[PDB]
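In structure tokens, the next block holds one chain alone, the form deposited without the ligand.
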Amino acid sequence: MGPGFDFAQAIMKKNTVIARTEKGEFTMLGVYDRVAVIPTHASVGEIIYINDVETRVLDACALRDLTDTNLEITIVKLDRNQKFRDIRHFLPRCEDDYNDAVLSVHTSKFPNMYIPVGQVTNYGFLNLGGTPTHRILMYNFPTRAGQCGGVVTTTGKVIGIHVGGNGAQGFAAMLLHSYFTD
């Protein structure tokens, strides 16, 4: 509907797939080559469904910071016959706060969904479902089941993936450029 939505749509139309694990259907962001991300609570195994196609998982790594604290991001390399557009140059280098973000979701339950969430706080520590978690972004929107994996963008930056909420606030795990050096 405006320039934030333009950037979000451009990411959704080329850099997402629908991922299915035994724990549900998730928006999945493809970052480059056959490398994507998903919330760690998706519990990715040796096989995952990608747009309802049985796909071998070549590697899955549940990220933790150097204090050995959960970051809630799992990086997955997919045995897929097609590469993603490389969007690593849209990833922030540092932890930050943002204005005027959009949360975008694409699943069977919520197709073509876009939410203007407003201001994004560098929240930091969150007890996420009992699990101490770091590098959390917060926005004051009442997010719901079905939005985990959703992509958080500003104009020109892909800043996080949605991982939870408390009924009044939503929480995303940061994406940083340093996660996807090769």
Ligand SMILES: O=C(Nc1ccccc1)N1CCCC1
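Don't overthink the numbering: it's just position in the shown sequence, from 1.
This next part talks about the form solved in complex with the ligand, which is not shown.
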Checklist entry - Just to confirm, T27 within 4.5 Å of the ligand in the deposited bound form by heavy atoms? => result no
Next on the checklist: Can you tell me if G118 lies within 4.5 angstroms of the ligand in the deposited bound form, counting non-hydrogen atoms only?
Outcome noted: no
Checklist entry - Given that the partner is absent here, does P142 sit within 4.5 Å of the ligand in the deposited bound form, heavy atoms only? => result yes
Checklist entry - Going by the ligand in the deposited bound form, which residues of 97-120 come within 4.5 Å of it through any heavy atom? => result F110, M113, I115
